[PDB]
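Chains as they are written, first to last, in the authors' numbering: chain 3, 1 to 181, 185 to 231; chain 3', 1 to 181, 185 to 231; chain 3'', 1 to 181, 185 to 231; chain 1, 70 to 213, 234 to 280. A prime marks a further copy of an entry chain.
Structural data, given as structure tokens:
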């Protein structure tokens, strides 16, 4: 017959191998598929979905409905931020649990832009200004409203538009970051003006926060760390 | 020689395998075939044949000639049916033994329409009306002639036509049912009118019943359960 | 299946083999390459580089900065040479350590031309004549300036041009020499005239010496002798 | 930019062990009903595949099963045994499962069976999509789980003097995957 020469790698089973294989049911007429709504062709389609950030992971707030709400109140006008969110989507406990983070935990490398979307859930009457800042990687996060204003920022008007979609850029020395450890930036929200309200309307509102990958986002080198 | 790399699955005998094999008699001139009448190209051709339903599987009637005959008599005009036949061709002891059932026992899944054919084997003189009803799956079988009439039915005239071919439809949530367990419908025959006869003609007639798959019928996933 | 016949050489791993092999990471998107400056496509490109010859490998001079400098002085005009360099680039301790020699130690056979480049590192004022001689293989090196002049030579003028690039030819009986043992020639530098200087300028100058393969150079039959 | 490794095929089709089926040699000393091993194919045991599939509601996939058999003598005794053969029988859905070592199911024409000779390349088959429904339902909000089949395993050699235990690792690789209707992924908590 055809003289062959069995090479190294013969009779080994590599779990990453991709060969043909004999069908155990070769005469069996498979149930044909139907057009179900919602076919996912890629996992990033699930990371491109605005999911809600848990900001308060304290002992009480966590694992409830309150861990997501950031409460704006009326107290002494301290320059410190309402929230400061580090942009370690995998190595930040807050973004780690989002859908994005759940998909990033399955991978080693990632690259792309994130879009954060804060959402005022207060009154139609209430008015005011927040300042949504973005410190780039390497920078030590802004501690006062002035430091934040001078850098990149968006003066969000609570009175006019009820959301604010700031998009982070892709800044990294490598073509890809890691999902574990080291910076990546900081979103941070300050009061520009203490929130005004009309009559006996409550002076304690809430802002929600969403995150999602952008169309430029990509991951690689699958790494499942799931076990018991 | 041609460098190869023996993959997993080498030197295994899968009983479902389909490979070439060396002929032990390679110089032997096979007896050529002839054109015999009755070549079967498919098993469903045997299930498309009207075979006779055994209606009375009682202790005495069974395994005789009487297990197939349904006796119409003259007794108090009770609304209960002459016969009620559940449409579990595999999981009904009566249809289980028909040719259809014998072919279905060799398979797991099936789908299609059945045609039942009742046949009056009484006198040329006798006249009357039976009502052949079909309750669809999920329905609890009709208990009175009225309930049966309101649904699907056929008023079979014993006097005019001596048979009645009602075809069941293919109604199932899946594309295929199972051959074991859960409904499927009920054929059922009532008297609309007690059978009239002329002079001393016998007042005890018989109806036979046949079943067969239709051209739309199909089976899949062979399952032989034959053993000792 | 396709009848084959496993030949001799099956299931052996030859470390020189070149076969395809299954990728362990087949779904992994490799980091694409960039255009880095300085791609080396061949090792001879490193042997074509003028690297500096260590002439004085004495106990003190060696493993310092002085092992490379050849000191021209003012002393009795002896006919002996300033330096005599044997052309055993692999089997000469001086050329053995050059980049050329480092690449030749990785190989068994070599063939081609060498270019030596002496470089006067004295004063702009100083003037004189050196005689750069090349005795071919088989010849016993010249011992007096006359013997050297009669053969191949270059009267290098220290006053006019500060370097002197003599190119050795490829003379060998075989198409290729060995990197170990037996001749190959001798570069050798004599004073034609004791070096003249103006006023109190130092009467002790230095000449450096470089070597490099030429475009015609080639090696073959890799032989790594590196161990501990 | 490239989103190939985050495709469903790349994310799912990865050889993952799903069970370790242990079978003993038919030794005539005192052997129990450990003479054969049976395991209903189910992803609800291995957390990796399960947590990846429960990202999504429905599904369809061929299922390439590889079988890595590894045996060893049990007793320190001077053990000797000719090369064992293993019958690895795939039982389709809705079919009967073996009860005994010498049940009839091991001789049924329906049930496809591999005859793996020990000390050779790992055995393999490719189960197709065996769903009555047009998609495997991971979550079903109704009243009366999905059947992929069963894998049964035995040693074929019968009158053996020395006991020989053997573990059959089953490396399931879903192939030609499609998934619909994404969902939030479960925590690792209840697994």
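Virtual Cβ for every residue (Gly too), placed ideally from N, Cα, C.
Residue 101 (chain 3'): member of the alpha helix (DSSP H) spanning 99–104, first to last residue. By the rule that beta-carbons nearer than 7 Å mark a contact, residue 133 (chain 1) does not touch chain 3''. Around the beta carbon of residue 74 (chain 1), 16 or more other beta carbons sit within 10 angstroms, so the residue counts as buried. Interface flag for residue 144 (chain 1) against chain 3'' is unset, since no Cβ pair is found closer than 7 Å. Contact of residue 167 (chain 1) with chain 3' is not assigned, every C-beta pair being separated by 7 Å or more.
Taking 7 Å as the threshold, the shortest C-beta distance from residue 72 (chain 3') to chain 1 does not fall below it. As summarised for the segment 92–126 of chain 1, the continuous beta strand (DSSP E) elements at least 3 residues long and confined to that stretch are 105–109, given in chain order. At a beta-carbon threshold of 8 Å, the residues of chain 3 lying near residue 3 (chain 3'') are 1, 2, ordered along the chain.
Nearest to residue 46 (chain 3'') by alpha-carbon distance, out of 217 (chain 3''), 198 (chain 3''), 14 (chain 3''), is 217 (chain 3''). At a cut-off of 7 Å, the C-beta of residue 8 (chain 3) has a neighbouring C-beta in chain 3''.
Residue pairing of residue 77 (chain 3) in beta bridges, as defined by DSSP: absent, with no partner found. In terms of CA proximity to residue 145 (chain 3'), 193 (chain 3') leads the group 44 (chain 3'), 193 (chain 3'), 224 (chain 3'), 18 (chain 3'). The segment 247–263 of chain 1 and the segment 76–90 of chain 1 touch, with no fewer than 3 CB-CB distances between them shorter than 8 Å. Taking a contact to require three or more Cβ pairs closer than 8 Å, the segment 94–111 of chain 3' and the segment 148–160 of chain 3' do not qualify as touching. About 5 Å separates the CB atoms of residue 5 (chain 3') and residue 10 (chain 3); that is less than 8 Å, so the two are in contact. For residue 68 (chain 3'), not one C-beta of chain 1 is nearer than 7 Å to its own C-beta. Looking at the DSSP output, residue 84 (chain 3') sits in a beta bridge with 191 (chain 3').
From the listed residues 107 (chain 3'), 83 (chain 3'), 21 (chain 3'), the smallest Cα separation to residue 27 (chain 3) is found for 107 (chain 3').
Contact annotation: residue 189 (chain 3) and residue 84 (chain 3) have beta-carbon atoms nearer than 7 Å. Taking C-beta atoms as the reference points, residue 223 (chain 3') and residue 179 (chain 1) fail to come closer than 7 Å.
Rounded to the nearest whole angstrom, the CA to CA distance from residue 200 (chain 3) to residue 122 (chain 3) is 10 Å. Counting C-beta pairs with one atom in each stretch, the segment 203–212 of chain 1 and the segment 86–93 of chain 1 have fewer than three that are closer than 8 Å, which means they do not touch.
Flagged as an interface residue toward chain 3': residue 178 (chain 1), by a C-beta distance shorter than 7 Å.
Segment contact: the segment 31–38 of chain 3' against the segment 33–43 of chain 3, fewer than three CB-CB distances shorter than 8 Å; contact not assigned. Contacts with chain 3 (Cβ-Cβ distance below 9 Å) from the segment 71–84 of chain 1 involve 71, 72, 73, 74, 75, 76, 77, 79, 80, 82, 83, 84, listed in chain order. If you check the CB distance, residue 138 (chain 3'') and residue 219 (chain 3'') do not come in under 7 Å. According to the DSSP assignment, residue 216 (chain 3'') belongs to no alpha helix (DSSP H) but to the beta strand (DSSP E) extending over 208–216. By the Cβ neighbour-count rule, residue 110 (chain 1) is buried, with 16 or more other Cβ atoms within 10 Å of its own. Using a CB distance cut-off of 7 Å, residue 94 (chain 3) does not count as an interface residue toward chain 1. With its beta carbon at least 7 Å from every one in chain 3, residue 227 (chain 3') lies outside the interface. Between residue 166 (chain 3) and residue 116 (chain 3), the gap from beta carbon to beta carbon is short of 7 Å. When rounded, the separation of the alpha-carbon atoms in residue 229 (chain 3'') and residue 96 (chain 3'') is 15 Å. Listed as beta-bridge partners of residue 3 (chain 3') by DSSP are 5 (chain 3).
Residue pairing of residue 164 (chain 3) in beta bridges, as defined by DSSP: 118 (chain 3). If you draw a straight line from the Cα of residue 210 (chain 3'') to the Cα of residue 169 (chain 3''), it comes to about 23 Å. Between the C-alpha atoms of residue 168 (chain 1) and residue 234 (chain 1) there is a straight-line separation of about 23 Å.
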